[PDB]
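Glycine also receives a Cβ, built like all others from the backbone with ideal geometry; neighbour counts cover every protein chain displayed. Values quoted throughout were computed directly from the atomic coordinates according to the rules given, and no laboratory measurement underlies them.
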Amino acid sequence: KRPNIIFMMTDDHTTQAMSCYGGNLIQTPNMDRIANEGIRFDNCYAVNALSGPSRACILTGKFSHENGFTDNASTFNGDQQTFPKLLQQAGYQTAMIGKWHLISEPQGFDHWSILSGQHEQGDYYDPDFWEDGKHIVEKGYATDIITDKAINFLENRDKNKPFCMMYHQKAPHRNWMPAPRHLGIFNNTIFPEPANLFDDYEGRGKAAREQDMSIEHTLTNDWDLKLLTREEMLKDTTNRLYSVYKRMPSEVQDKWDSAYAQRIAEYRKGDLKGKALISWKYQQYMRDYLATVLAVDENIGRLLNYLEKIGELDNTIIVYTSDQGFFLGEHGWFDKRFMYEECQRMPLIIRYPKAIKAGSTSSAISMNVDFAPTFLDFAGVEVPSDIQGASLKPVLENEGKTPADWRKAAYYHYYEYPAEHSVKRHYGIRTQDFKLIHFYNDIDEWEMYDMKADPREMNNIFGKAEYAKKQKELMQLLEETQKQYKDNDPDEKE
Ligand SMILES: O=S(=O)(O)N[C@@H]1[C@@H](O)[C@H](O)[C@@H](COS(=O)(=O)O)O[C@@H]1O
Ligand SMILES: [Ca+2]
């Protein structure tokens, strides 16, 4: 009678690249099936928009200052409480397959197979895995391999125990190497630009101006844009693009070279400069990012079809999300980290027909700390008091409606600075209609956005007289929220 769980999570996917979220860029039919047969959350947020921290928050139901894992230079204390351990005590068989990114050996999993290359980022081709204590190499393409490993786990499971499987893809993380069948697929496709692709940061503070995550300056010609021929790579085999290209089979290298020849010729013509060059880089980025997404959605389909074939689709809570969202050129950026909406907001779609009316939507403000208590609640396990999120069951079971007692803000705290991409440390709250942010290291600057009037977050209204009352109310809610979640020294002074 207890439901199975499959928790499907990508790395750096985002709502703009999902058709169920009204995106124009790509159709995602299998993700959309989950939404159309289930519920779509419009206001689910990561509490620290970085991979390792998000994964730690998901396992523990706790904010980063409680779970210990504040940045991608942390090691997860595996002795702490996590939902898979609790499910395993309750009689579930548990599995972890794909991107782990928590460094310590997984605990609470009957079976685990985790990407070990690139310091646990994984490789796209011929990925290394650490699997139940041993190193292996899997031939092929990661997005497909991870799905085959998931199916193999399910085929070989103890069919007298319910299962909980965490299925964690590498795609679509940088540097966006598509599957062989998708190489070159968007070479003749032009994607619409966001209206703020050329953002000059008027109306923002120092943090937006001082980042290093731009289309214009940060994307590299080799690793990101793929602008080397085979001949060029073979002359310098220490090249980082070559380090990942060389993992592809010969026939895939041939297809890659054919797929990128046009792009290389366009770059070598030497006529692209300034805004035109930024626009061209944007197209190349989107073509690679979106081509990489295609295999993710195909593989979700394979899992949905497998579950249906074995008669377990309706008896399984099916979740799809991404560790955080991602900038697809908005504000001129790629990457995450900021509390801005594109990357703070996680996709969250859930199918479970017993509980969830098909085609439901929710605006209930939800966080990645809510996943753990939701799974424990549906598994009939008492939710321990130290979990900081809340079960989503009351939302799920009432067509997505927001309970009267539901929280009024999502809380956010990002720590990783100085570091890659140079995003200042900050914390804040997102209410239904507003956002309040404090950047506190190595600047001291507040920002505030009216999300209904300014959904693209272009106009910092902090300190503007007409918002004085609202600003005070948001300050007060921020302080209450910090106290509630025990973030007692949020500026890290003591
Ligand atoms: O040149 S790369 O090495 O590709 N650079 C990427 C960054 O662009 C990315 O922000 C981090 C963290 O990403 S996370 O999703 O793991 O948090 O991972 C790598 O270091
Ligand atoms: Ca990520």
Exercise. Which order do the peptides 56-62, 284-290 take when ranked by the mean count of other beta-carbon atoms within 10 Å per residue, highest first?
Key: 56-62, 284-290
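Where Rh denotes the Kirkwood radius from the mean inverse Cα pair distance, what is Rg over Rh for region 269-384?
Ratio value, two decimals: 1.09.
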Quiz prompt | Long pairs among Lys235/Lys269; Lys62/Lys470; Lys139/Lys246; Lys424/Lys486; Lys149/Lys170, criterion Cα-Cα beyond 24 Å | solution = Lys62/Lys470
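Taking 0.36 nm per residue of sequence separation and subtracting the Cα-Cα distance, how much length would be gained by fully extending the chain between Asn221 and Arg181, in nm to one decimal?
Numbers: separation 40, 0.36 × 40 = 14.40 nm, distance 2.35 nm.
Full extension of this stretch gives 12.1 nm more.
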Quiz item: How big is the charge dipole of the chain about its Cα centre, in debye rounded to the nearest 20, if each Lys and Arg gets +1 on its Cβ and each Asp and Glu gets -1 on its Cβ?
Solution: 900 debye
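Between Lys1 and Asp433, what is 0.36 nm times their sequence separation minus the Cα-Cα distance? Round to one decimal in nm. Don't skip to the answer; put the middle values down first.
Values: separation 432, 0.36 × 432 = 155.52 nm, distance 4.01 nm.
Extra length from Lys1 to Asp433 when fully extended: 151.5 nm.
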Quiz item: What spacing in nm lies between the two simple spin-label points modelled at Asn398 and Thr189, each 7 Å away from Cα in the Cβ direction?
Solution: 4.1 nm
Quiz item: DSSP H helices in the chain with Cα extent of 27 Å or more along the helix axis and mean Kyte-Doolittle hydropathy at least -0.5?
Solution: 274-309
Quiz item: Can you list the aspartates and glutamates whose alpha carbon is less than 17 Å from that of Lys226, not counting same-chain residues fewer than 8 positions off?
Solution: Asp123, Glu216, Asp236, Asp254, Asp257, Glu266, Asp288
Practice problem: With θ set to phi - 60°, apply the Karplus curve 6.51 cos²θ - 1.76 cosθ + 1.60 along region 12-27 and write out the HN-Hα couplings as whole Hz, x wherever there is a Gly or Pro. | Solution: 6, 6, 6, 5, 4, 9, 9, 5, 5, 8, x, x, 9, 6, 8, 7
Quiz prompt | Amide N of region 51-80 lying under 12 Å from the label point, which is placed 7 angstrom from the Cα of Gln89 along Cα→Cβ | solution = 80
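Stretched out fully, how many nm does the piece from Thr237 to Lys486 gain, at 0.36 nm a residue minus the Cα gap? Working shown, then result.
Details: separation 249, 0.36 × 249 = 89.64 nm, distance 4.98 nm.
That pair, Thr237 and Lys486, stretches by 84.7 nm at full extension.
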Quiz item: Using 7 Å Cα-to-Cβ label points, what is the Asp71/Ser422 separation (nm, one decimal)?
Solution: 1.6 nm
Quiz item: Say the dipole of the chain comes from +1 at the beta carbon of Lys and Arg and -1 at that of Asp and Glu; which of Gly140, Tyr306, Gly52 then lies farthest toward its positive end?
Solution: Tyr306
Quiz item: What ranking, highest mean first, results for peptides 71-84, 173-186, 328-341 when packing means the other Cβ atoms within 10 Å averaged over each residue?
Solution: 328-341, 173-186, 71-84
Quiz prompt | Taking the convex hull of Cα positions in the chain, its mean projected area over all directions (nm²) | solution = 22.8 nm²
Self-check item: Share, in percent, of DSSP beta bridges within the chain that are antiparallel, nearest 5
Solution: 55 percent
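Using a 10 Å cut-off on Cβ atoms, rank the peptides 123-132, 35-44 from the highest mean neighbour count down. It would help to have the intermediate numbers written out before the result.
Numbers: 123-132: 19.5, 35-44: 21.6.
The packing order, highest mean first, is 35-44, 123-132.
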